[PDB]
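First the proteins, then the strands, lettered A, B, ... as listed; each starts at 1. Keep in mind that the numbers below use all heavy atoms, side chains included, and drop hydrogens, waters and symmetry copies.
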Amino acid sequence: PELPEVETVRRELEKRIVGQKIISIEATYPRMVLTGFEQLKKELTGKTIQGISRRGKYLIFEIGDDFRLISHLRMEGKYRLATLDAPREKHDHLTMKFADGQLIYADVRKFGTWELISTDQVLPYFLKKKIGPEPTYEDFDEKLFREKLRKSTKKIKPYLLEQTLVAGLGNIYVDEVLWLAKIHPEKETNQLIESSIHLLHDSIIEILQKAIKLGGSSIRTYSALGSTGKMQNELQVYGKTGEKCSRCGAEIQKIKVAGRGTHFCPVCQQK
DNA sequence: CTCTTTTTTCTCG
DNA sequence: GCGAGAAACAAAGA
Ligand SMILES: [Zn+2]
């Protein structure tokens with residue numbers, strides 16, 4: 001998932017598990033807890049969920065008085081709230097059991113990660129990750145954004161995917177953002193003029209906030225959290241190869257940029 | 001059966 | 001440090 005999807009999951013979790021006391025924690029794939037599963041099990045069992053936050057694409061469980069469980073869903077991670085008697089599913093790896101139900105984490109590719117740290121280690125953790133600003137008008141400063149773009153020869157799509165210029169963009173929204181801003185994914189950032197950088201800046205914020213509003217892009221997913229999204233119906237280019245651009249009518253093309261599938265309109269996004 | 005396709009971080013030169 | 005390619009891992013399609 002990307003920022004919008006993670007935020008959707010965050011909101012659902014906040015509304016449903018905050019105030020819940022963890023009865024037990026079990027794992028069929030303990031190796032995904034980078035800080036040690038048995039240690040996390042011992043530390044969190046019996047503690048209560050106080051809140052759920054997010055930074056970039058990272059989900060943050062606030063548990064007990066000073067515990068912070070950092071979860072990254074990577075490519076296919078999915079959470080679901082199920083009954084205590086719910087049958088096990090092939091790719092379920094961890095479960096946080098409460099008195100009236102359980103939170104199950106599943107990940108087909110096993111990329112997702114869990115890390116238990118303390119409240120005062122959160123900010124340092126993200127500084128070490130070098131995560132850029134949240135995609136909001138208040139946090140995403142266009143001036144710094146512009147100076148970083150003017151300094152680099154990197155291609156705009158790969159640079160945006162780094163999470164350093166701004167946090168939250170993944171393959172879907174980076175493609176949607178560049179199409180909206182009329183910028184070709186291979187454009188070297190030092191070649192972007194001020195007006196283009198301004199449109200890009202605003203497009204990043206607008207696209208992601210719209211995606212959040214629509215519950216993210218859900219393309220399937222069972223009863224998993226954040227699976228009722230409607231943003232997928234607003235996608236203009238991602239996965240639209242062969243279809244016609246809604247603005248000019250040209251056929252959306254798909255190429256490979258820095259190893260990633262890339263969808264764009266050759267007319268609207270001049271190289 | 002082989003090759004390709006679908007977030008983060010490291011290896012290699 | 002930087003770009004290119006790939007690995008972690010699983011499944012579905014050509
Ligand atoms: Zn177009």
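A:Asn171 comes within 4.0 angstrom of the backbone, heavy atoms only, and of no base. Residue A:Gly112 is classed as having no contact, given no heavy-atom separation below 4.0 Å to the nucleic acid. Here A:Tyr238 lies in heavy-atom contact (under 4.0 Å) with sugar-phosphate atoms only. A:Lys256 comes within 4.0 angstrom of the backbone, heavy atoms only, and of no base.
For the pair A:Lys254 and B:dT5, the criterion of a side-chain N or O lying under 4.0 Å from OP1 or OP2 is not met. Using a 4.0 Å cut-off, some side-chain N or O of A:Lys57 falls inside it from OP1 or OP2 of B:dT8. The phosphate of B:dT6 has neither OP1 nor OP2 within less than 4.0 Å of any side-chain N or O from A:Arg74.
Between A:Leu3 and A:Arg54 the shortest side-chain heavy-atom distance falls below 4.5 Å.
Distance A:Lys130 NZ to B:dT8 P: 15 Å, rounded to the nearest Å. The separation between A:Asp175 atom CG and B:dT5 atom P is 15 Å, rounded to whole Å. A:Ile70 places its CD1 atom 14 Å from the P atom of B:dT8, with the value rounded to the nearest Å. We find that NE2 of A:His72 is positioned 7 Å from P of B:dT9, with the value rounded to whole Å. In this structure, the CG atom of A:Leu169 is 10 Å from the P atom of B:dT7, given to the nearest Å. The CG-P distance, from A:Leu161 to B:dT7, rounds to 7 Å in whole Å. Here B:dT7 presents its P atom at 19 Å from OH of A:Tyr159, a figure rounded to the nearest Å. Taking atom CD on A:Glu162 and atom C1' on B:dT9, their separation rounds to 12 Å, with Å as the unit.
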Next item on the list: Please report the C-alpha distance between A:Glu5 and A:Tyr173 in whole Å, then the side-chain angles of each, then the deciding distance to 0.1 Å, and finally whether the side-chain hydrogen bond (donor to acceptor under 3.5 Å, both in side chains) criterion is met.
Entry: CA-CA 11 Å; A:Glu5 292 70 38; A:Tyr173 297 114; 2.6 Å; yes
Notebook entry, point to check: Step by step, would you call A:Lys130 with A:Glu162 a salt bridge (charged side-chain N to carboxylate O under 4.0 Å, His left out)?
Noted result: CA-CA 9 Å; A:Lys130 297 182 180 179; A:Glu162 280 183 31; over 6 Å; no
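The aromatic rings of A:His184 and A:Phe264 sit perpendicular to each other, their planes meeting at more than 60°, with 30° as the lower class boundary.
The same atom, P, is picked in B:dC3 and in C:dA6; the two are 12 Å apart, to the nearest Å.
Remark: of the listed residues A:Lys41, A:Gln102, A:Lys97, A:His93, A:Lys97 is the sole one forming a side-chain hydrogen bond (donor to acceptor under 3.5 Å, both in side chains) with A:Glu26.
Taking 4.0 Å as the cutoff to heavy atoms of chain A, we find the contact window on DNA chain C bounded by C:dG3 to C:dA11.
The ring-ring contact (aromatic ring centres under 6.0 Å, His included) test applied to A:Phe98 returns no partner, not counting sequence neighbours.
Relative to the six-membered ring of A:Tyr29, A:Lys110 meets both conditions, a distance below 6.0 Å and an angle of at most 45° to the axis.
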